[PDB]
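Visitor: If you count by the entry's author numbering, then the sequence shown holds residues 11 to 76, 79 to 125, one letter each, in order. We put the CB at the ideal spot given by N, CA and C, even for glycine. This structure is in structure tokens; I'll ask about it shortly.
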Amino acid sequence: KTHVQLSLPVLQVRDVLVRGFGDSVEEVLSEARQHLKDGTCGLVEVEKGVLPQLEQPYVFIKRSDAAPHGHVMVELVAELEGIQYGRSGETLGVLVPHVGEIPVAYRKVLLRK
């Protein structure tokens, strides 16, 4: 399937134990997709002071369309030193590894895969 329904646990930035997916744009996009598939991917909602507490390169989910079954359609954009790889809509948040942190909420997305 071109799209996959996921429910991403929303984590508080200060709870996150593994603060990025790796060391290159290609690696973080690779690792993000693997974690999304394995159900081991969290989402941190981006506000003032959040991104400096996470490791670059960043992986964002961004809205790719205006929402089947409650699931917002999204795609992955990486960012490294202010340059983004990919072009998409509004940021829903930044993806991080999920290693058992308790979420505050869930974000239903339809991921273009």
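Using only CA atoms, which one of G105, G112, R124, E41 lies nearest to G32?
Guide: Locating residue 32 in the sequence shown gives position 22, where the first residue counts as 1. For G32, the nearest C-alpha among the options comes from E41.
Visitor: If you check the beta carbons only, do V38 and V69 fall under 8 Å apart?
Guide: One-based indexing of the sequence shown puts residue 38 at position 28. One-based indexing of the sequence shown puts residue 69 at position 59. Cβ atoms of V38 and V69: closer than 8 Å.
Visitor: Using 8 Å as the threshold, is the C-beta distance between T12 and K120 below it?
Guide: In the sequence shown, the residue the question calls residue 12 occupies position 2. In the sequence shown, the residue the question calls residue 120 occupies position 108. No, Cβ-Cβ distance for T12 and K120 is not below 8 Å.
Visitor: Just to confirm, is the Cβ distance from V26 to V108 under 8 Å?
Guide: Here the question's residue 26 lines up with position 16 in the sequence shown. Here the question's residue 108 lines up with position 96 in the sequence shown. Taking 8 Å as the Cβ cut-off, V26 and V108 qualify as a contacting pair.
Visitor: Just verifying my parser: in three-state terms, what is the DSSP assignment at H83?
Guide: As a working note, residue 83 is residue 71 in the sequence shown. If DSSP states are grouped into helix, strand and coil, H83 belongs with coil.
Visitor: Confirm, please, whether the CB-CB distance from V23 to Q66 is below 8 Å.
Guide: To locate residue 66, count along the sequence shown from 1; it is residue 56. To locate residue 23, count along the sequence shown from 1; it is residue 13. Not a contact, by the Cβ cut-off of 8 Å.
Visitor: Just grab the DSSP bridge partners of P109 for me.
Guide: Here residue 109 refers to the residue found at position 97 when the sequence shown is read from its first residue. According to DSSP, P109 bridges with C51.
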